[PDB]
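**Student:** File upload.cif below, mmCIF, C-alpha atoms and all ligand atoms:
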data_run
#
loop_
_atom_site.label_atom_id
_atom_site.label_comp_id
_atom_site.auth_asym_id
_atom_site.auth_seq_id
_atom_site.Cartn_x
_atom_site.Cartn_y
_atom_site.Cartn_z
CA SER A 7 183.74 139.25 180.28
CA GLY A 8 185.24 136.45 182.41
CA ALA A 9 188.24 135.30 184.45
CA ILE A 10 190.26 132.26 185.58
CA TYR A 11 190.54 131.78 189.38
CA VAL A 12 193.57 129.63 190.31
CA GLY A 13 195.21 129.71 193.77
CA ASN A 14 195.34 133.33 194.95
CA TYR A 15 195.32 134.64 191.33
CA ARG A 16 192.65 136.13 189.03
CA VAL A 17 193.51 136.01 185.29
CA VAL A 18 191.60 138.48 183.05
CA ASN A 19 191.98 140.10 179.58
CA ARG A 20 194.28 143.13 180.29
CA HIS A 21 191.83 145.38 178.29
CA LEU A 22 189.00 144.45 180.72
CA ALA A 23 191.05 144.77 183.99
CA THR A 24 189.46 147.14 186.61
CA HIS A 25 191.31 149.89 188.63
CA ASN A 26 191.34 147.32 191.53
CA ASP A 27 193.09 144.69 189.39
CA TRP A 28 195.92 147.25 188.74
CA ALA A 29 196.22 147.99 192.49
CA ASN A 30 196.47 144.20 193.10
CA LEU A 31 198.70 143.57 190.06
CA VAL A 32 200.98 140.54 190.00
CA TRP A 33 201.91 140.46 186.25
CA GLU A 34 200.66 141.92 182.99
CA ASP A 35 201.71 141.86 179.35
CA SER A 36 200.02 144.15 176.77
CA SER A 37 201.49 142.05 173.91
CA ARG A 38 199.53 138.98 175.28
CA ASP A 39 196.33 140.91 176.36
CA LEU A 40 196.73 139.29 179.88
CA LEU A 41 196.63 140.66 183.44
CA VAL A 42 196.91 138.65 186.64
CA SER A 43 195.88 140.19 190.02
CA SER A 44 196.04 138.75 193.59
CA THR A 45 192.90 137.54 195.42
CA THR A 46 191.99 136.99 199.11
CA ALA A 47 190.03 133.78 198.46
CA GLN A 48 191.57 130.61 196.97
CA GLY A 49 190.34 129.69 193.44
CA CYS A 50 189.58 126.19 192.10
CA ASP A 51 190.31 126.27 188.34
CA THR A 52 193.00 123.80 187.25
CA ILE A 53 195.40 125.06 184.52
CA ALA A 54 196.22 122.59 181.72
CA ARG A 55 199.93 121.65 181.24
CA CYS A 56 199.81 120.07 177.80
CA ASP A 57 200.02 120.65 173.99
CA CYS A 58 196.26 119.88 173.24
CA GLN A 59 194.98 121.46 170.00
CA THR A 60 191.25 120.57 170.56
CA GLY A 61 189.00 121.75 173.37
CA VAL A 62 185.71 123.50 174.19
CA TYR A 63 185.15 127.27 174.62
CA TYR A 64 182.36 129.34 176.12
CA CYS A 65 180.64 131.81 173.75
CA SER A 66 178.53 134.30 175.82
CA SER A 67 176.98 135.85 172.66
CA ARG A 68 175.32 132.44 171.99
CA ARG A 69 175.03 131.20 175.70
CA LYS A 70 176.74 128.07 174.35
CA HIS A 71 179.95 125.99 174.62
CA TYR A 72 181.46 124.86 171.29
CA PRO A 73 184.05 122.18 170.53
CA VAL A 74 186.97 123.60 168.51
CA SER A 75 190.33 122.81 166.89
CA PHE A 76 192.90 125.60 167.47
CA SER A 77 196.40 126.54 166.31
CA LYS A 78 199.41 126.36 168.70
CA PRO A 79 200.27 129.67 170.52
CA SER A 80 201.93 132.08 168.08
CA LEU A 81 202.54 135.76 167.08
CA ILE A 82 199.38 136.89 165.16
CA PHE A 83 198.41 140.29 163.70
CA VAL A 84 195.30 141.64 165.46
CA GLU A 85 193.19 144.45 163.92
CA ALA A 86 192.77 147.80 165.73
CA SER A 87 189.98 148.06 168.31
CA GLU A 88 188.92 150.63 170.94
CA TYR A 89 191.50 148.95 173.32
CA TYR A 90 194.64 148.57 171.15
CA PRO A 91 196.01 149.91 167.86
CA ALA A 92 196.68 147.27 165.09
CA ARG A 93 199.59 145.11 166.37
CA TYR A 94 201.04 141.58 166.78
CA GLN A 95 199.72 139.73 169.83
CA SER A 96 201.91 136.86 171.09
CA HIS A 97 200.87 133.46 172.65
CA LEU A 98 197.61 133.62 170.63
CA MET A 99 195.72 130.52 169.37
CA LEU A 100 193.12 130.78 166.56
CA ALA A 101 190.08 128.66 165.77
CA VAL A 102 187.12 128.84 163.36
CA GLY A 103 184.19 129.80 165.57
CA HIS A 104 181.74 132.57 166.43
CA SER A 105 182.92 135.47 168.65
CA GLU A 106 181.84 139.10 169.36
CA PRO A 107 183.89 141.70 171.40
CA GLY A 108 181.97 140.97 174.66
CA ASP A 109 182.91 137.26 174.41
CA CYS A 110 186.47 138.09 175.67
CA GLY A 111 187.08 136.28 178.97
CA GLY A 112 185.22 133.05 178.04
CA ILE A 113 187.19 129.94 179.04
CA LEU A 114 188.78 127.48 176.60
CA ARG A 115 189.31 124.02 178.19
CA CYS A 116 190.72 120.61 177.23
CA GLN A 117 190.72 117.25 179.12
CA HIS A 118 193.56 118.60 181.31
CA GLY A 119 191.91 121.84 182.45
CA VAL A 120 191.96 125.53 181.49
CA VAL A 121 193.96 126.32 178.33
CA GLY A 122 193.25 130.06 177.98
CA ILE A 123 190.57 132.73 177.55
CA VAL A 124 188.89 134.38 174.51
CA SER A 125 190.94 137.48 173.54
CA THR A 126 190.41 138.18 169.75
CA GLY A 127 187.96 137.35 166.94
CA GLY A 128 185.75 138.46 164.12
CA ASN A 129 184.81 137.26 160.64
CA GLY A 130 184.12 133.71 161.72
CA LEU A 131 187.25 133.35 163.84
CA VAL A 132 187.90 133.27 167.60
CA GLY A 133 191.32 133.74 169.25
CA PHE A 134 192.42 132.59 172.74
CA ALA A 135 195.22 133.99 174.93
CA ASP A 136 197.18 130.89 176.15
CA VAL A 137 197.93 130.55 179.88
CA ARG A 138 199.49 126.98 179.86
CA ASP A 139 203.09 128.36 179.83
CA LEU A 140 202.47 130.43 183.04
CA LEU A 141 203.81 127.70 185.38
CA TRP A 142 203.90 130.08 188.37
CA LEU A 143 200.05 130.23 188.42
CA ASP A 144 200.36 126.75 190.16
CA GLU A 145 202.63 127.84 193.05
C1 LIG B 1 186.35 138.26 170.67
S1 LIG B 1 187.19 139.81 170.34
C2 LIG B 1 186.42 140.43 168.87
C3 LIG B 1 185.32 139.82 168.25
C4 LIG B 1 184.78 140.36 167.10
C5 LIG B 1 185.31 141.51 166.55
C6 LIG B 1 186.40 142.13 167.15
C7 LIG B 1 186.97 141.58 168.30
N1 LIG B 1 188.13 142.11 168.94
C8 LIG B 1 188.07 142.95 170.02
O1 LIG B 1 187.04 143.55 170.33
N2 LIG B 1 189.24 143.17 170.68
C9 LIG B 1 189.34 144.06 171.84
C10 LIG B 1 190.82 143.98 172.21
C11 LIG B 1 191.20 142.54 171.78
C12 LIG B 1 192.69 142.28 171.66
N3 LIG B 1 193.15 141.21 172.30
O2 LIG B 1 193.41 143.00 170.96
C13 LIG B 1 190.49 142.45 170.42
ZN ZN B 2 195.20 119.39 177.32
#
Before anything else, please render the file you have as structure tokens.
**Tutor:**
Amino acid sequence: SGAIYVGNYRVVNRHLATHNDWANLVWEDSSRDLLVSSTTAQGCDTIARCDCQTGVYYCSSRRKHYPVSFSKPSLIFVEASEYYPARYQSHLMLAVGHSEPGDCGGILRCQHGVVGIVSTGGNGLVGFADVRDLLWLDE
């Protein structure tokens, strides 16, 4: 689990959104596994606006942050799970690193701020849903 809190927005994995996130929906895209809902309080996360390919991610199944190299956002085939059938997920970045299903939501950050959140993984990989192209999170 986990979210990004920027301005009056809450960014979560769409598969982990609550009934309240849907009532307060701003934008969602199943093909990206993202959902953004509105908040009453102002958030303090800064979103990165960059092309960094190295950063640090939080892994809740190890209670540890790991430095990683990751691929640029792209269309990647993601195996079936209890939340989606097998499909291509867009804006996805992959890295070699530990991840378990409950690690979705962990932040990936670079020197510029938040890059994205854990969204896919397995077999020694970890995938992150990019948020750096969502310029409107800033206004
Ligand atoms: C860190 S996710 C993970 C880790 C180990 C094994 C499997 C996984 N995958 C998942 O449980 N999911 C749930 C839906 C998510 C998606 N974006 O399609 C993929
Ligand atoms: Zn950066």
**Student:** Please determine, counting only C-alpha atoms, which residue among A:116, A:110, A:121, A:132 has the shortest atom-to-atom distance to residue 60 in chain A.
**Tutor:** A:116
**Student:** Which residue out of A:115, A:71, A:78, A:97 has the minimum interatomic distance to residue 35 in chain A when all atoms listed in the file are used?
**Tutor:**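 That would be A:97, the residue with the smallest distance to residue 35 in chain A.
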**Student:** For ligand LIG 1 (chain B), list the contacting residues at 6 Å or closer, counting all atoms listed in the file, as number ranges by chain.
**Tutor:** A: 39, 84, 87, 89-90, 105-107, 109-110, 125-128
**Student:** What separation in Å, quoted to one decimal, exists between CA of residue 23 in chain A and CA of residue 75 in chain A?
**Tutor:** 27.8 Å
**Student:** How would you report the residues lying within 9 Å of ligand ZN 2 (chain B), as a PDB file with C-alpha atoms, keeping the file's coordinate frame, if you count only C-alpha atoms and all ligand atoms?
**Tutor:**
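Result file pocket.pdb:
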ATOM      1  CA  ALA A  54     196.220 122.590 181.720  1.00  0.00           C
ATOM      2  CA  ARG A  55     199.930 121.650 181.240  1.00  0.00           C
ATOM      3  CA  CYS A  56     199.810 120.070 177.800  1.00  0.00           C
ATOM      4  CA  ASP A  57     200.020 120.650 173.990  1.00  0.00           C
ATOM      5  CA  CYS A  58     196.260 119.880 173.240  1.00  0.00           C
ATOM      6  CA  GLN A  59     194.980 121.460 170.000  1.00  0.00           C
ATOM      7  CA  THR A  60     191.250 120.570 170.560  1.00  0.00           C
ATOM      8  CA  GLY A  61     189.000 121.750 173.370  1.00  0.00           C
ATOM      9  CA  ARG A 115     189.310 124.020 178.190  1.00  0.00           C
ATOM     10  CA  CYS A 116     190.720 120.610 177.230  1.00  0.00           C
ATOM     11  CA  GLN A 117     190.720 117.250 179.120  1.00  0.00           C
ATOM     12  CA  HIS A 118     193.560 118.600 181.310  1.00  0.00           C
ATOM     13  CA  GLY A 119     191.910 121.840 182.450  1.00  0.00           C
ATOM     14  CA  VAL A 120     191.960 125.530 181.490  1.00  0.00           C
ATOM     15  CA  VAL A 121     193.960 126.320 178.330  1.00  0.00           C
TER      16      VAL A 121
END
**Student:** Just give me the residues with any atom within 10 Å of (202.0, 127.1, 193.3), file coordinates, counting only C-alpha atoms, written as an MDAnalysis selection string.
**Tutor:** chainID A and resid 12:14 141:145
**Student:** Using CA of residue 137 in chain A and CA of residue 38 in chain A as the two end points, give the distance in Å to one decimal.
**Tutor:**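 Those two atoms sit 9.7 Å apart.
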**Student:** Find the residue from A:16, A:7, A:27, A:37 that sits nearest to residue 92 in chain A; use only C-alpha atoms when measuring.
**Tutor:**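 Of A:16, A:7, A:27, A:37, the one nearest residue 92 in chain A is A:37, counting only C-alpha atoms.
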**Student:** With all atoms listed in the file as the basis for distance, which of A:21, A:93, A:104, A:138 is at the shortest distance from residue 8 in chain A?
**Tutor:** A:21
**Student:** May I ask which of the residues A:114, A:62, A:135, A:99 is the closest one to residue 41 in chain A, counting only C-alpha atoms?
**Tutor:**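 Looking only at the distances to residue 41 in chain A, the closest residue turns out to be A:135.
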**Student:** Given the choices A:10, A:22, A:101, A:140, which gets closest to residue 51 in chain A if the distance is worked out from only C-alpha atoms?
**Tutor:**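 Among A:10, A:22, A:101, A:140, it is A:10 that comes nearest to residue 51 in chain A.
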**Student:** Could you please determine the separation between CA of residue 11 in chain A and CA of residue 52 in chain A in Å, to one decimal place?
**Tutor:** 8.6 Å
**Student:** Taking every listed atom of range 78-95 of chain A and adding 6 Å to each side, what centre and edge lengths in Å (one decimal) does the axis-aligned box have, as AutoDock Vina command-line options?
**Tutor:**
--center_x 195.7 --center_y 138.5 --center_z 168.5 --size_x 25.6 --size_y 36.3 --size_z 21.6
**Student:** Just want the 7 Å neighbourhood of residue 43 in chain A, counted on all atoms listed in the file, with same-chain residues fewer than 3 positions away dropped. Output as a VMD selection string.
**Tutor:** chain A and resid 15 to 17 27 30 to 32
